[PDB]
Every structure is written in structure tokens, then in C-alpha cells.
2 protein chains.
Amino acid sequence: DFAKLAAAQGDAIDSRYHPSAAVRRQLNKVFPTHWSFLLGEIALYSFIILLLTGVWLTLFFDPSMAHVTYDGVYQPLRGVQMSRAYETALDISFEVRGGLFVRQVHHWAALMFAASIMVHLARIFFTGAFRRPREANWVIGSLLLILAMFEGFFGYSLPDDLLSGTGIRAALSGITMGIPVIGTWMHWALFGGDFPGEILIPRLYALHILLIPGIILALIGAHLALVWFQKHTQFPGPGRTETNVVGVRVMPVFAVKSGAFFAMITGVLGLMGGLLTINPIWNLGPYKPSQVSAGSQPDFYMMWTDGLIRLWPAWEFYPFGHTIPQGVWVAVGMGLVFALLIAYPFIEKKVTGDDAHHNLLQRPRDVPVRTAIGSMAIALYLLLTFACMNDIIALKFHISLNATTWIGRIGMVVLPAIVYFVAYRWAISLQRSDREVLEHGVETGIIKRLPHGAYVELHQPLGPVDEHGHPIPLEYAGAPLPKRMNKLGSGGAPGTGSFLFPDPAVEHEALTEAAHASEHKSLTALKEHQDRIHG
Amino acid sequence: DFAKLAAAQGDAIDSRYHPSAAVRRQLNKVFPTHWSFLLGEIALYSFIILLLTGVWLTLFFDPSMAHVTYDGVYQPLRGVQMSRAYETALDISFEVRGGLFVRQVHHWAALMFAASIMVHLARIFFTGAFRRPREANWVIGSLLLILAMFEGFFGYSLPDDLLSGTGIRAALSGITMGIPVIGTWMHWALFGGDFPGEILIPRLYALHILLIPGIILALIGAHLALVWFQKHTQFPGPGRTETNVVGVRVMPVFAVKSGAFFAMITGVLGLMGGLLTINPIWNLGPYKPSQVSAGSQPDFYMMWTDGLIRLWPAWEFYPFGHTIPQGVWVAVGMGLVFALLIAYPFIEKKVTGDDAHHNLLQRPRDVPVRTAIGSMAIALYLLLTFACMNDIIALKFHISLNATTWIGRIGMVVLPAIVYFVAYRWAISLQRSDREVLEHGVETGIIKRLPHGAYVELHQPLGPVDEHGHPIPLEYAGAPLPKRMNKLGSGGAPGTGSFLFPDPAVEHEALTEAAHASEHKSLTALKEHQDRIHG
Ligand SMILES: CC(C)=CCC/C(C)=C/CC/C(C)=C/CC/C(C)=C/CC/C(C)=C/CC/C(C)=C/CC/C(C)=C/CC/C(C)=C/CC/C(C)=C/CC1=C(C)C(=O)c2ccccc2C1=O
Ligand SMILES: CC(C)=CCC/C(C)=C/CC/C(C)=C/CC/C(C)=C/CC/C(C)=C/CC/C(C)=C/CC/C(C)=C/CC/C(C)=C/CC/C(C)=C/CC1=C(C)C(=O)c2ccccc2C1=O
Ligand SMILES: CC(C)=CCC/C(C)=C\CC/C(C)=C/CC/C(C)=C/CC/C(C)=C/CC/C(C)=C/CC/C(C)=C/CC/C(C)=C/CC/C(C)=C\CC1=C(C)C(=O)c2ccccc2C1=O
Ligand SMILES: CCCCCCCC/C=C\CCCCCCCC(=O)OC[C@H](COP(=O)(O)OCCN)OC(=O)CCCCCCCCCCCCCCC
Ligand code: HEM
Ligand code: HEM
């Protein structure tokens, strides 16, 4: 008797505790059903997959520089001096069933985690989901993005490898040791001595399995709690105002679709872990200071820092008996990037002057300057990311390496400006398109007027029509407009039988009539709620 | 203008978010001010200190069996093959400034964590805090205790040492291989091979710094949330009923005293880490299968399992072509111990019939059978612990080793019975003493009657006095009774000046009558609330 068991367990729960009111509040909480609001959920799910795979990896990984001859199963690396970290990473890859798959899906989950954090940041920045409220949420999210970047940096550096060890030698050692006043001191504190210090990988292992992931988990908890109790903002729409949340309740629809999205995201990650090879450490021999490859790139999230290193024009300063290497330039650049990213909402509010409590998002077109600035920043980030890849770009796409380097150098001041101007004008022209649609109706097929040979597009007004043909122009309301009769009630009722065969006419008529009635009911409910709110 | 800054920050917080009602609820939450309710806080604080010191330790610890010659500073161990784990533990002890202190305070915090968990378990069990509302809390707390025990095991097993290594060899390896159908398979899965498998310490390091601490943190969060929302139970008292919490609010008093208690617990643990030497691994050479020591004990929280191993009388069964060693006996014993501990509240309610919502604690005297059973269990646990220590007990206290082993064997069935009987009768006699006080008043000095030579103790009634000398007996209300006029309004007004010199008589009188007024005001307020609840 499952129903009896469920009722008895509910009574027991509500007797031991009294969670009825709180649980009802959680279930009734309404969440907007916009697709762009699942971008953060992508990052959350990738983080969960990262945790689950990381536990499995920690069950088999041994962090240490203690030198060992492989004497394992991978023949091409046998009798070669390697660290225990590399040896156990190879053991995971080869001598543990499914270990290669687990580490590959872990690395793919890391890449998706970074990418989805970046896409979520784009969404919130361009839709203005940070101003007045949620500004602290944006701040902690920026901290979270930085932590994710460095977490992946320590992760793919964890198995002592030629590629990743070269990346460590470049960034962690050179940049740290070039910093003027305390650079060498920070280097020695971090590495326990010179660069190959015997504690680097154990320290990174601690940082990467417990310390940084613990902070990421705490900040994700704060992030999700803030989103939960500072009700999710929504785009302007029919019944959507600054003092309501139009969407679907947590229990029936939102919960099921979020769980299904989690399932699909982990399916994509597993499929990629299987079919796409990520970080073949067996190909990448053990780290040796004397050995190196030509690629020498970090993961795509640190690729912009690496590209900054490559592009910056070798400017070094030599004060009285001292040196200020080019590493400090990139270090200060990263510091500025992170400071600006963290402090943007406060910078934006100081500049514009808007401290009003904003709960309705604004379409990126409706804010030309901010969308222009975001496009400029994304252009700079892409420029740096491809500058880091200039080696392979030059190799495959036949362009001289010096040409790629100088293309990056010139573009990082030219391309951001070009993209800013183009994005600003593009946003304003999207606004102009919205206004033309508002004042003339949607466009359709052309008709030749009866008496004379006039051609008229035969528009379709979106609002009340004046006594004569032309309609009364509507006022923009911050919400998307239908620019194709395609997406309106025009040519959208195919025979509802099947792909191969029809259904009985009675069933088809019943189905289509019921669907039309449901559409009428939904639109009327939205219209009446909107009228009640604004009247 | 700190006041203005605080006001502006509060307004900004209440504008961005709306935490006014929730924060007021948290601040106004009332917590009973009984000392025994700080026992769980002791464990929580020791856990926090454990986290803080463990992060520092992981910054310097390298888990690996990779063999290395020390070549450090510690002269007595130079050129000796040791695992990198032992080498880095020695590096923490000697090479790192304050590393010895950090690891010692970490181990002392582990011992205090186990001890305070045990004391808190005793408190709740004997006071009946596990009844209907909080059996789930009891269950998760039992899981927490088990996790704490095993994490301490893995923690003092992390630095591969002679003592910890032989303890691992005995408990983990032997008792795992002993298990009949899957013992050897479990051993091979855990160690990745034979006992000295080269993944054991990395696996334990992961389990100990990330996995088990994560589960313990989640369970402590659930525990504290349950205590917070299922308002803390309280002992019977003047104004205390099953539907109220008499105590102090969170903000002014409880928060301050809890923070101060955490400070003092940290101070005790730091003082111990300084003055008392805990696990001096340097005296203990690196683990070798051949080297041994006479002591060979685990930490006190696993000493009971070790004592079970020692005492259980070598009963092995040999099915058709197989063996069932004596280790499986102890494995089943531990299983039974944990199962009974976790399932006691449900066992208690099945036995007694209590399905009532209990919010008033029971005095251990007021619940004899449960008090007797708890005393019996504590006696068994102490017998097992001292049986594990029987080696050192025999060495120092001159008792034959065989004599101690057989004392343990006989007493593990005799001492529990003796302690059960004694505790049951002791509880009933405490009840009898309480009723004697209720019916005769508190006892005082003797007086010789005027006409004849009778001697009367000159009692002091605690309630209304009959028309004649003898008082009207009061009804027992589950609250402690004052058996000394010491603790009542008698002999409690020393000169309030100072230790060496007095104060002006006007000041002394003002202070003393102010205190008298305050204490009688408190008594009257409690009395009025008690009368108001029913009257
Ligand atoms: C720092 C910086 C940007 C320096 C400049 C160097 C650079 C990137 C130049 C552009 C690269 C191109 C497009 C070369 C082709 C020749 C060329 C320049 C033609 C004119 C360009 C132009 C304006 C054309 C008009 C129409 C148009 C927009 C055409 C674009 C055509 C292309 C190539 C589109 C895709 C862009 C693209 C993927 C460029 C390479 C960038 C990267 C990082 C590829 C990564 C990558 C590589 C490198 C693999 O080898 C590989 C092997 C197996 C599986 C996967 C991959 C993989 O994903
Ligand atoms: C399994 C099992 C319990 C087997 C029996 C072995 C055993 C514990 C026998 C009892 C030990 C005793 C009390 C020996 C003294 C001789 C004796 C038996 C006298 C008769 C006992 C009796 C009924 C006396 C009447 C009055 C009475 C109650 C006297 C008790 C006297 C004592 C010793 C009280 C304290 C109890 C106690 C600490 C016993 C030893 C237990 C342990 C584990 C001590 C651990 C310990 C040791 C071993 C150190 O060397 C040490 C060195 C430096 C700093 C700290 C320590 C430290 O903590
Ligand atoms: C060789 C080898 C080892 C292979 C394995 C690889 C490995 C190591 C690990 C991966 C293996 C596993 C275990 C994969 C599956 C992971 C997993 C749990 C998937 C669940 C998805 C699934 C099976 C769905 C079935 C379809 C179905 C009926 C769905 C509805 C019922 C379900 C499952 C609902 C789940 C709801 C859900 C995702 C809860 C997540 C809980 C968390 C952390 C947060 C909740 C939460 C969410 C989800 C928000 O979006 C949100 C947005 C704004 C503010 C707050 C929140 C918030 O608090
Ligand atoms: C990849 C790209 C790089 C990354 C890009 C992200 C960084 C943030 C982006 C842009 C910041 C500059 C914005 C433009 C600032 C406008 C200047 C001005 O002239 O002030 C006019 C305003 C309007 O006032 P109004 O009553 O509307 O009158 C209309 C008059 N025509 O005045 C004010 O309130 C504000 C005056 C002071 C503003 C100070 C803002 C900067 C604070 C320091 C942070 C560092 C900035 C880094 C810059 C890159
Ligand atoms: C929080 C976000 C995280 C990110 C972005 C991340 C990223 C990465 C990446 C990219 C790798 C390289 C894998 C490879 O090269 O095969 C890695 C390795 C590893 N990660 Fe993480 N990780 C995260 C969290 C975790 C967690 C929570 C754990 C433990 C529970 C963990 C444990 C490990 C281990 C043990 C390795 C070494 C595997 C190997 O050497 O192949 N990671 N991580
Ligand atoms: C939660 C309860 C915990 C308990 C009961 C516990 C217990 C112990 C004990 C008794 C030791 C032996 C120390 C020595 O022999 O000097 C130890 C070692 C260690 N603990 Fe834990 N610990 C806990 C949590 C943690 C956490 C959270 C971390 C990491 C953040 C950690 C990291 C370490 C490390 C790295 C060692 C080895 C250091 C050494 O060998 O000296 N512990 N643990």
C-alpha cells in the first residue's frame, strides 16, 4: 500500500518536525521558464558531475613527486623516471577499469563548468541581472568564476605531466617569481623552495580536492540561496512586473524539468568523455625541465591569461639594481580584469546613476552601451584566447607565427573598439526594428493594389487598428516582438495524425479544437491578470 | 560615524534582501541554559578546530608509500627507508615552524572530538533527548560518531608510522580478510592488492581530508539544523513545560557565551597541544612488517574495538575446506554495537510503548532502567578500553598479562551485570532521596528539644507548612531538589567590598538589597509564568 505508506510517512514527518508551511512555500515558489535561466543550472550540474568523478579519481590518485620508474602496462613509457602523480594518473588511465573514462568525463565536466559559468556570466551581464539587488550575488559569482578557473588550472596540473608541468613552470613559477617586492618570497612559500620543490603537487592536490572545491561549494550554496530567496528576476512580458514572478511552480513542472536537464547534461558529458579524447597524459610524457612541446597551452579558461602573456610586448623595467620582468604586466592585467569584473555592478551604478530595485531584466538591445561594452570585453577575451592558440593557428591555418602574434597585439586595441562600435549600432538597430514592427505590424507577402500597380507588403498589425488601414502604433514594453506571422496563429495546424498515417477526422478535430481553446484560455488568463495588475 | 555606518549597512541589507523577520526569529530563539547542553558544542568546536588545523596540515603533508631515505634534520632517523608520508610527517614535526604544534593540536582536537561526542551521547541517552521528536537526530548523531571514530583511525594512520601501521595491519587487513564470503575481495579492493599495496595511504588521505569530513560536515549541518528548528529540549522546571522553551535569547546572552565557550575550548586544546606530547611519530620508526612494539594500541575511541579483539576467546570455525577466523567475531560484534546504538530509540519505544511527543527531558534517576542500561554499556565500553590497554596496565600496575586478559574476559559479562544492578538501585535510591526531601524538607543542624532530650534535625520545608510543625508534602515535578540549605537563601552574603579590603557600608547595602530585589524579581516572574500556564 504505497499510498498508505506515503501518508503515514508524511504524518510522521509533520509530527516529528513541522515542515508543512516551509515545504509548501518551496513547492509553490514560482520560477520563470526562460531558457537563458538554465545556463546557471548547466554550471551547477557540471559541478555536481565534477564532484562525483573527483571522488572516484581521488580513490586512485597518488600526489607526489617521488620519482619512480613506471614498470606498468603502458609500454611506450617503461623504465622512464616519473613522479608518483604521473604514475598513478597512468594507472587510472590504463590499469583501472573505466578510469580513463572517469578522468576524461571529469576533465570534460571541468571544461563545461568553465564554459557554462562564462555563458551564465554573459547572460546576467547582458540582461542586467546584477543591478541594485543581486549585485552581491554577481560579486560572489565572479569570485566563483575565478575559483573555477584556478581550480581547473590546478586540476589539469595535478597529474605531473609534460604539458601541464610546462604550464606550471610558465605561469605559477615565472609570474610569481617576477613580482617586484615579494615575488620570489611568494614563489618559495608556494613551492617550498625552488620550482621543482617536492611539495608542489601535494599542495595543489589539497587545494584542488578540498580547499578550493570547499570554497566553491560554500559560494555555490550562497549563490543558490540568494537566487532562491531573492526571487529570480524575469524578462518583461504580459503579466510580468517588478513585484511578481510569472512562471511555473517548483513541484510539478520546474523540478521535473530541472532534473531532466541535469540528466541530459550529464548524458552529454558522458558521451563526450567516451567519444572525445581529453588530455592524453600517456602521450604527454612525464614532466622534465629539459623537455617541452610546441603546443604548450592551458585549458580554454586560462587561455586568455596565456594569450595576454604572449601578446604583451616584452616591456621590462630595471630600477636601481633590480628587475621588473614582463610577468608583472600580465599579473597586473589579471588583477585589473578580476577587479573590474567583480566591481562592474557598482561601477555601472556609479556611472549611470540607477540604484532602483530592478526585478525585470532588460533585453541586451535595450541597453546599447552595456551590450556594447560586453561585446567589447568578449571580443578582447576571444582575441586573447586565440592568441594563446596562435601556435596551432599558425601551424594549421598557414599564417606566420610573428604575423599571428602581431595580429593579436594590434587587435587587442583595435578589435575591442570595432566590436564596441558594431555592437552599439547593432543594438540600436535592433531597437529600431522593434519600433518599426510596433508601428507597422509584422511583415508578410506582397500584394499588388487593385486600381494601380502599387506594391504593399500587406502587414499585420499587432494592436488595435485605426478606422482606416494603418494601425494605432503600440508603445515598446521591453519584451520581444513577433517579427514573423510564422510564430503567430498563421499556418500552424498540420494534420495531427502521425508521421506516416492520419488519424480519424473526429479525433483530429477534437484535438485541434481543444488546443485552440487552451491557447485562448492561456492568453485570456495572461491578459486578465495584466489588466488587473495595471488596473 | 560607526553608528551611521551600521544603520546604512542594515538599511542596504534590508533593501537588497528582506532578512528582518528571519533574523529577528533567529535572534529571539530561546535556548535552555543548562550546562549539559554545551557538551555538543564542545564536539562542534573541536570539529571546527580540526578543520582549521587539518587545512594547515594538508598544506605540508604528502601521502605516498614511495620509499625514500630521510636525509632530513632528525638525526636518529637518517638514511632509513621510509614512506614519503612518514617523511613529510617528520617534515611537519621538525622542518616546518610550528608544524609540530599544529599536528599536536590537531590530534588533541581529534581526541577531544571523540571524547565530547561520547559525553554528548551519554547526556542525550541518559536524559531521554532521543524520544519521539528527535530519534532521527539520535540516528544521524550515531552515524556521526561512527564516522568520527573511523576518521580518527584514518587520521592517525595517515603518517605511515610503526604504531599506526601495525594497527592498520591488525584491524583493517586482518579483520577484512577474515570476513567469510567477501573478506579477501574487500581487502583487495581497499588496498588495491596485498596489504602493503601502494595506494592505501593516498586512499586514506582522500577519505580523511575530503570524503569523510564532507559527510561529517553535512551530517553536522543536518544535526544543528534539526536542533535549531526542533527547539532544544529542556529539563523539567518552574516555568518549563512540554510546549515552551525557557532560557535565554540567541543574541544577547547565548551567542556571547557560546562564542566565549568556543574560545575557551580552543584555549584548552592549544594548551594541550603545547604542553602534552601527542603521537611522537619520530620515536616511532617508519612502518616495516617486521618491526613491532609492545604497546600497539589505537586511539581511545578505537581502543574498545581493539579490546574486543583481545578479549574475545579465539573461537574459530572451519567449514568445509574454509576458515572463519576470530576477526569475523569482532566484525560482527562491532556491527551489533553500531546497529543497537543507532536503533536504540526505536528499540526503547518498542519496549516501553512511548509514542508521545517528549519535549521535557527525563532525569537519569527518574528513568532507572534506561540509566541502568546506559551504565551497563559504559561499563562494558570501559572494560573493553582497559582490556585494549591491558598490556600497559599489566606492565605498570604489576598484574600478569594473562590475568588482565582473563579479568577482561570474565568482567565483560560480569561487570556489565554488576553495574546494571548497582545503577538501577542507585537511581531508585536517588528517587527515594528526592521524595524524602519533598516530604520532610531540607536537612540542617540538630537541636535538642526543650522539655525532654529528643534530638531533631530541624529540617526546612520546601512548601506550605501545615498548622502544626510537619509540612504538607510537595509533588515531585521532575526537577532537582535543593538538599542543602547552602544553595537556598541561607549564608550567602559576604562583605561585598573586595578580597583584601571592604567597601563603604552604603555601597554594600545598596548592592546587597539590589541583588535581593533582582533575585526575588526573577523568582516572582517565574512563579507568575508558571501559575499563568495553568491557572
Ligand atoms: C590572435 C589571432 C586571432 C591571430 C590571427 C590568426 C587567425 C586566427 C587568423 C584567422 C584564421 C582563419 C580564419 C584562416 C583561414 C584563412 C583566412 C584568414 C581566410 C580569410 C578570413 C575571412 C574574413 C573569411 C570570410 C568568411 C569567414 C568568416 C571565414 C572563417 C573560416 C573559419 C576558419 C571559421 C572557424 C574559425 C576557426 C575555428 C579558426 C581556428 C581557431 C581554432 C582555435 C581551432 C581549434 C582546433 C584546431 C587548431 C585543430 O587542429 C582541430 C583538429 C581536430 C578537431 C578539432 C580541432 C580544433 O578545434
Ligand atoms: C581488562 C582489565 C580492566 C583488566 C584488569 C587490569 C586492571 C585495570 C587492574 C586494576 C589496576 C589497579 C587499580 C592497580 C593497583 C593495585 C590494585 C588492583 C589495588 C586494588 C584495587 C581497588 C579495588 C582499590 C580500592 C581503592 C581504589 C579504587 C583504588 C584505584 C587506584 C587507581 C589506579 C585509580 C586510577 C585508575 C587508573 C588510572 C588505572 C590505570 C588505567 C590507565 C589506562 C592508565 C593509563 C596511563 C599509563 C598506563 C601511564 O603509564 C601514564 C604515564 C604518564 C602519564 C599518564 C599515564 C596514563 O594515563
Ligand atoms: C565509469 C563511471 C565511474 C561512470 C560514472 C561517472 C561518475 C563518476 C559520476 C556520474 C554518475 C551519475 C551518478 C550520474 C547521474 C547524476 C544524477 C544524480 C542525475 C539526476 C538526473 C536524473 C536521473 C533525472 C531522471 C528524470 C526525472 C524523473 C527527473 C525529476 C526527478 C529528479 C531526479 C529531480 C532532481 C532535481 C535536482 C537536479 C536537484 C539538485 C539539488 C541541488 C544541488 C540544487 C537544487 C537547485 C536547482 C537544481 C536549481 O536549478 C536552482 C536554481 C535557482 C536557485 C536554487 C536552485 C536549487 O537549489
Ligand atoms: C574591455 C573593456 C574594459 C572593461 C570594461 C568594464 C569597466 C566598466 C566600463 C566602463 C566604465 C566607463 C564608463 C564611462 C564613464 C563616463 C565618464 C563621464 O564623463 O561621466 C558621465 C557620467 C554620466 O553622467 P550624466 O548625468 O548621465 O551626464 C551625461 C554626460 N554626457 O557621469 C557619472 O555619473 C560618472 C562619472 C565617473 C564614472 C567613473 C567610472 C569608472 C570608475 C573607475 C573604474 C575603472 C574604469 C575602467 C575603464 C575601462
Ligand atoms: C570544482 C570544480 C573542479 C574543476 C574545474 C576540476 C577540474 C579538474 C581537471 C580539468 C582535472 C584534470 C583531469 C585530467 O587531466 O584527466 C582534474 C583532476 C582531478 N580532480 Fe578536479 N576539478 C574540480 C573539482 C574536483 C573535486 C571536488 C575533486 C574531489 C572530490 C577533484 C579531484 C580531482 C583529482 C583527484 C584529479 C586528478 C585526476 C588525474 O590526475 O587524472 N576535482 N580536475
Ligand atoms: C573531522 C574530524 C577529524 C578527526 C577526528 C581527525 C583526526 C586526525 C588524527 C588523530 C590525526 C593524527 C595526527 C598526528 O598523528 O599527528 C590526523 C592527521 C591528519 N589530519 Fe585529520 N582529523 C579530522 C579532520 C581532518 C580534516 C578536515 C583534515 C583536512 C582539512 C585533516 C587533515 C589531516 C592530515 C593531513 C593529517 C596528517 C598529518 C600528520 O600526519 O601529522 N583532518 N587526523
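Bear in mind that the values in this text are calculations on the coordinates, not laboratory data. When we count neighbours, we look across all protein chains shown, and the Cβ atoms used for this are built from the backbone with ideal geometry, even at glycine.
Here are a few things to note about the model shown:
- For first residues located in the stretch B:301-313 and more than 16 Å from B:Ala377 (Cβ to Cβ), partners that are assigned to a loop (DSSP other than H, G, I, E, B) and lie 6+ apart or on another chain with Cβ distances below 6 Å form the pairs B:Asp306/B:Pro298.
- Residues that are touching a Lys or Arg at 6+ places or on another chain (Cβ under 7 Å) and at negative phi, drawn from the stretch B:65-83: B:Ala66, B:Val68, B:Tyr70
- A:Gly40 being of a type outside the set (A, V, I, L, M), within 16 Å of ligand 6 (Cβ to nearest atom) and crowded, with 18+ Cβ neighbours inside 10 Å: no
- In this entry, B:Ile182 is excluded by the filter for residues that are β-branched (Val, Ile, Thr) and in contact (Cβ under 8 Å) with a residue 12 or more places away in the chain.
- Complete set of residues in the stretch A:69-99 that are farther than 17 Å from B:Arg203 by Cα, more than 16 Å from ligand 3 (Cβ to nearest atom) and in contact (Cβ under 8 Å) with a residue 60 or more places away in the chain: A:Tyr74, A:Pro76, A:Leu77, A:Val80, A:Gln81, A:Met82, A:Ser83
- A:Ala8 in a helix (DSSP H, G or I) and free of Cβ contacts under 8 Å to residues at least 60 places away in the same chain: yes
- Residue in the stretch A:152-174 that is free of Cβ contacts under 8 Å to residues at least 60 places away in the same chain and within 11 Å of another protein chain (Cβ to nearest Cβ) present: no
- Restricting B:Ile410, B:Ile373, B:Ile347, B:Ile392 to residues that are buried (at least 17 other Cβ atoms within 10 Å of the Cβ) and assigned to a helix (DSSP H, G or I) narrows the list to B:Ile373.
- When B:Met177 is tested against (1) more than 14 Å from chain A (Cβ to nearest Cβ); (2) buried (at least 19 other Cβ atoms within 10 Å of the Cβ); (3) not small (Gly, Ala, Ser), exactly one condition is not met: (2).
- The sole residue among A:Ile399, A:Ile428 that is part of a helix (DSSP H, G or I) and among the aliphatic types (A, V, I, L, M) is A:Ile428.
- A:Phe191 at negative phi and in contact with a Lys or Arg (Cβ under 8 Å, 6 or more places away or on another chain): no
- Taken over the stretch B:33-71, the criterion of being part of a helix (DSSP H, G or I) and over 16 Å from the mean Cα position of the chain (by Cα) is satisfied by B:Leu51, B:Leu52, B:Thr53, B:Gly54, B:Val55, B:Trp56, B:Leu57, B:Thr58.
- For the stretch B:442-471, filtered to residues that are closer than 19 Å to B:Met485 by Cα and charged (D, E, K, R), the residue that is surrounded by the fewest Cβ atoms within 10 Å (Cβ to Cβ) is B:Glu457.
- Among the residues examined, A:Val119 qualifies as closer than 30 Å to A:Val367 by Cβ, more than 14 Å from chain B (Cβ to nearest Cβ) and surrounded by fewer than 19 Cβ atoms within 10 Å (Cβ to Cβ).
- Residue list for the stretch B:406-433, filter: touching a helix residue (DSSP H, G or I) at 6+ places or on another chain (Cβ under 6 Å) and hydroxyl-bearing (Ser, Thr, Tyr): B:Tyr420, B:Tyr424
- Of the residues screened, A:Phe125 is one that is part of a helix (DSSP H, G or I), within 16 Å of ligand 4 (Cβ to nearest atom), hydrophobic (A, V, I, L, M, F, W, C) and more than 14 Å from chain B (Cβ to nearest Cβ).
- Here A:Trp108 passes the criteria (1) in a helix (DSSP H, G or I); (2) away from ligand 1 (no atom under 16 Å from the Cβ); (3) buried (at least 22 other Cβ atoms within 10 Å of the Cβ) except the one numbered (2).
- Set B:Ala379, B:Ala403, B:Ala423: member being of a type in the set (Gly, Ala, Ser), surrounded by fewer than 16 Cβ atoms within 10 Å (Cβ to Cβ) and either under 23 Å from the mean Cα position of the chain (by Cα) or under 19 Å from B:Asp306 (Cβ atoms) (or both): B:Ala403
- Of the residues making up the stretch B:311-332, those that are within 16 Å of ligand 2 (Cβ to nearest atom) and surrounded by fewer than 19 Cβ atoms within 10 Å (Cβ to Cβ) are B:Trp312, B:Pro313.
- Test: residue in the stretch B:53-74 that is away from chain A (no Cβ under 12 Å), in contact with a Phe, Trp or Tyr (Cβ under 6 Å, 6 or more places away or on another chain) and closer than 21 Å to B:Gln104 by Cβ: yes
- If you go through the stretch B:86-95 and keep only what is in contact with an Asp or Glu (Cβ under 6 Å, 6 or more places away or on another chain) and either part of a loop (DSSP other than H, G, I, E, B) or at the interface with another protein chain (Cβ under 9 Å from one of its Cβ atoms) (or both), you end up with just B:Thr88.
- Any helices (runs of 4 or more DSSP H) falling wholly within the stretch A:181-295 and containing at least 2 residues that are away from every other protein chain (no Cβ under 14 Å) and either touching a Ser or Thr at 6+ places or on another chain (Cβ under 8 Å) or among the aromatic types (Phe, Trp, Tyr) (or both): A:183-191, A:255-275
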